[PDB]
Every structure is written in structure tokens, then in C-alpha cells.
Amino acid sequence: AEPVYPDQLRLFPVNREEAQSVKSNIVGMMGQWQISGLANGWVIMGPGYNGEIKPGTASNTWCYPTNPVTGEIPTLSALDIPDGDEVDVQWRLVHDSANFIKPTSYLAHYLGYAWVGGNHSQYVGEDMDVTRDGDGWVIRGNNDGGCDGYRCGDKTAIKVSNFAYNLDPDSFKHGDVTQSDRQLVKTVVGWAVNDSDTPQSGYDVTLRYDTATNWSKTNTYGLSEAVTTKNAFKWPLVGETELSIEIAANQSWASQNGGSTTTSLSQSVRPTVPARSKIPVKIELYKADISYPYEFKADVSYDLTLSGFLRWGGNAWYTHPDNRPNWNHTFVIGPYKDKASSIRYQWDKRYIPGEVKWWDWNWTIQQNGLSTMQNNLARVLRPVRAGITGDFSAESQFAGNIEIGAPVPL
Amino acid sequence: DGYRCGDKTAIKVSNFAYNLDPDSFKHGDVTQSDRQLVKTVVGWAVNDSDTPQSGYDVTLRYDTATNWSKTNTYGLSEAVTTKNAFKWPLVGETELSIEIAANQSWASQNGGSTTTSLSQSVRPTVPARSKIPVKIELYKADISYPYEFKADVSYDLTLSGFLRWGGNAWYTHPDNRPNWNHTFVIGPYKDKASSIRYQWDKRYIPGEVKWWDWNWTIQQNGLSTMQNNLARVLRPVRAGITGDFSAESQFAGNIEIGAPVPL
């Protein structure tokens, strides 16, 4: 009837359906050949009995506490970054030890990654090096000197990339738009003549320009069969001659695929002309490179990737491998995009065994405690806000011009 | 007197661009020459009702296009033949041959196109119990007109030469005196490799130093010297411009609404 979170269970109320809904977690938390009651004559049996639930009696009963608590991840206040360009904000973000470096290192440590730290300290998240690599950043423990341990030279690597911005609607501005390397496409001029006694607005001149590309591929197969007969006869005047007859047949099959993409652009002018007058018009089209600056305020999200090998003594992956494999996983720190990359979705769905496909958070709660994981995940998912300035540029764009001239009396 | 003193460094200026003041642009008379007719149309709009009517339309459109494509094909073929000889009644000795064959083929294609179009319409309003004539014409002609404006001037700056053996500012610091070319854009931002300001501002990030090492220049000459030199280099320029426009084989049109005639 009600969802049961395994971290709230207590062997002092528990329905048979509730016990069956969360079965593997309850079986794993009891000793082998242990028998404890549930409710209304039902009891649950431990390992060695294959977790069978059968009618019985017992004085030791599982019991969900009268008033359990909600285990949601808390929401913290936003972190403010000093204003600058996109790269300055990223640099300021990835160099904060107390707000960024420690929580992510602790998250990697809690999930079972190995050697999250440098050689000059004994604690997680200490002696970490930050480097700029391509469009992202890499954070890894310092590897200078020596270390003592099995594969202590294989430090876990944390990578940050794909930064996105959620703008405030009323903050965006942009400056002057400038053009360079202009090339003419086509122009048109014309006149609109009105010789009636009333104003007229039924005029139209339109210029359009299109470009396109296409591709295709084809495969063909076939067969052929032929029979030939040859003989020789003597015919009058022709004398000896050779006569040959051939009959053939063939079959063929073909298959094709393709595609295309078209780009278009048009300009129109529709002037209103006074009575007994005329008006000139002109339309131009160009190709040019465009540039302009901008500024805004937004919220910053990014992708978080953890790379390393999982500890032999225990890790949080749902299959619990024990051969120290190399692992990669990506989280999206921000709005929901997918189930495999959402921490909140996996955390909220930990009461359904069939939804546990990537990480086992109940194992982490057992290992470290509920409040520790809650605070760590709250610090990890803290919102970030900053002011941004930047520059836009693009090559081979379109530029147009439409003009309506002054009227000339007739 | 010097090692390769005859190889002087060359400075080149090109690609001038203008940022106009919005309220300064003007142009003069537009003139046409070498006019060639395309197509014309005339017509009448008749209104025999008791109210004014505006539901009329005449439209003329002209289109041109080009296209291209390329194709590659490959294939294989296998055949087996058997030949024998037999004696058959009346036919006597004869030769019988049987052949069986198979083939395969693969193909790939690419292409593209570009279309140019232009149209003219007239939609007159006709009074009750009257008629109105219309006419539309299309021409090809060469166009010319003068103009003037005020703008800001930007350009591309290119340096060509070889780098000194005793030390240079390139981030790999070569020492074999190679020939070098590099282009700066003196004006609005277009790219990272050609922006002095972006490279100067990002000198505190070692991973962003990919073209020039400005910290080396600051060590060699001092902060204020480089600041003043770069400030003088990037000074804005303004001027007034007059010019002439011309183009060949453009479009020229004409649309007319005539006077009403009572019915």
C-alpha cells in the first residue's frame, strides 16, 4: 500500500505485500537461516531458505517505525560567481576547493573509485591538480614522487565539459552588428505607378535565392541463364552453312537510399502609393561575415564524468564486480535529460528493485549513513549563477536591404 | 652587414571593412544601361457590381537554375560454361552449350543545385461600375548609383618574415630561423588566433597559450611599454567615404495601375 525505504527498516506493521515489494534488500540484511515474523501470521525466512515467505509465528518482527522520515536531497542556496566571460567563469568554478573539488571527490570516493587524491596527503580530495584540456577541464591527484599501494599510480580522473546557460528573460542585451567580406548576390529596382484617384496598396516585388545538396547509394544483384545449339547443313547455292540458335533469360534486383537538404531566403516590398503619383523601390542581397557582442545573466549547468577503476573490496555498481575493471560514467548536473545520468531520479526510485540499473544507493547509505550522503549530494547539486559577457561571430551569412522611396507627383 | 640582412620583414594590409553610422548613408540617382526585355503582360479589371471591389490579382514570375552531379560505380561478375556434342535424329551431330552467370554492383552519387527567381504582382481596387487597365514589365540591365557615408575602418594585418635565433615570442620558441606568416584582425572579434585582446587577457591560463607568448614579451620589454604599444596599434579610425556602385545583368521592373473608365 505504501512505499518502504530499506534504510528505514528496523527489526523490533509490515504487510506481506510490503515485504515482497522489497525482498532482496530485506533478505540481504538478515543472517543465514534466520526466521523473523512480518504480520498477521506471515513470516519471512533468511538465506538458505531462498527468502521464502510462508505462514508462521515469531516474536522478532520487522517493523517500519511509526513515523518514518523523508529522505529527499535538500536544496541549498545558489553560489554566486564574479562576472566575466564564459572561460573566466569556468576557471573560477573549477578552482574552488571547498565548494567544487571536495564534494565531487567525495562523491567519486563513495561510489567505489580508487585513489581519489594526491601523493602528498592521506585524505580524499587533497593535493589535486587542475588543468585545461580542449573545451573542458580535468581534475586529478598529483602524481609526483612515490606511492605505496596496489596500482597507486592509477589516480581517478574527474572531467567537466558541455557548459549550458539558462538566461534570465529580461537581462539579455547585444551591441552593434558589423559586417565584413561582403559579396553581392542579386539586386532589383522598379517603379510603382498609380494613375487612379484613390490610394493604392496592391503592389509586390519579390526576390528569392535557393541552394541545395543531395546524395544517394544503390546496390544491384542479378542472374543469367543461356542455352545454345549449333549445327551444320548444306543449302542450295549457299552450300555448307552453320546455323546457331541461342535463348537466354535474366533477373535483377536493386535497392536505393538517399537524402537532401535545401537552404532558401526571400525579400519582398509592398508599398502604398498616393493617388496620381509614383514610388521607386530597391532590394539587395549580400553574403557577409557577422559579429556582435552580448551580455546576460544565467544559471550554469555542466556534465560531470568520472573515470577510474572500481575497488575490489566493494563498490556501488549494481552488479558489484570484483575484478577491478575500468569504468566511465557521466552525470548531468542540472535539468533532467535522461535516467542514466540523473542522480535525483535514481535516488528517488531506490525503493523499486526493478529500477536499479546503474548505481546502488542503498549500499552507499548502508556504508556511510543517510545524512552524510544527503549532505554530500546536496553540496554536489548546488545551483550556480553568474553574469556573462561574450562575442558572436559567423562566416558566410545573409545580409539584406529593402527601401521604399519618396513619391513623385504625376 | 649581418646574417641574412637582405631578408627584410614584410608588413601587409588588406580586407578593409566599414562600420557605418546608421543615420549618415545617402545615395543618388539610379541609372540603367544595356536593357533587354524578358516578358510583359497587360490586362483589364472589370467591376459590374454596385460596390467597390479589390479582389483582383495578376502575377508574373521568372526562374533560372543550374545543377551538377558525380557518380562512381564498381562491380564484379562470375560465369561458368559447359560444352558437349551429341547426335540427335534428323539434326545429326550437334553442339550444346550451357552458361550460368551472376553479377554484383555498387554505386554512390552526390550533387547540388542553385535556383534564382523573381515575381511581380498588381492588385488594384476598382470603383463600382467601372474598369481599370494594368501592365507589368520585366527587364535585365546594368545598374549604377553613387553613395556616401561615415564609418569606422577595420582591416587585416599580416606579418611575414623569419624569427630570430636569439629568442622570439612563438609559444614553441623555435631556434632554426623558420619563415613565418600570421594574420591579425584589427577590429571586432572574429577568431581566437587573430585576436590580440583575447590572447592578452587569457595569459594567466597556460592551456590557452597556443599562438603567442605575451608573458615573454612582458619579461623582455616591460608591462607599460607593451601596453602603450598595443594601445597605439589598436587605435580606432574614423573617416567619411564617397563611392560608386555598379553591377551587370540585374533586374528592373515596372508596375502600373491605370485610370478608371466608367461603364
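Numbers here mean position along the shown chain, with the first residue as 1.
Yeah, the Cβs are placed from backbone N, Cα and C, and that goes for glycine too.
Taken from Swiss-Prot as is:
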type: REGION; residues: A:33-49; note: region 'Interaction with host N-linked glycan'
type: SITE; residues: A:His120; note: site 'Important for oligomerization'
type: DISULFID; residues: A:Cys147-A:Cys152; note: disulfide bond
type: REGION; residues: A:311-320; note: region 'Interaction with glycans from host GPI-anchor'
type: SITE; residues: A:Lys339; note: site 'Important for heptamerization'
type: SITE; residues: A:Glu355; note: site 'Important for heptamerization'
Nearest by Cα to A:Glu355 (site 'Important for heptamerization'), of the recorded positions A:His120, A:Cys147, A:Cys152, A:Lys339, is A:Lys339
Between A:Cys147 (disulfide bond) and A:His120 (site 'Important for oligomerization'): CA-CA distance (Å) | 9
Students should find that the Cβ of A:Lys339 (site 'Important for heptamerization') has, within 10 Å, a number of other Cβ atoms equal to 12
Tertiary neighbours of A:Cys147 (disulfide bond) (same chain, Cβ under 8 Å, six or more apart) = A:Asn119, A:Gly153
In all the protein chains shown, the tally of other Cβ atoms within 10 Å of the Cβ of A:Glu355 (site 'Important for heptamerization') is 13
Please determine which of the recorded positions listed here (A:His120, A:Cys152) has the lowest count of neighbouring CB atoms within 10 Å.
-> A:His120
Could you find out if DSSP has A:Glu355 (site 'Important for heptamerization') as helix, strand or coil?
-> helix
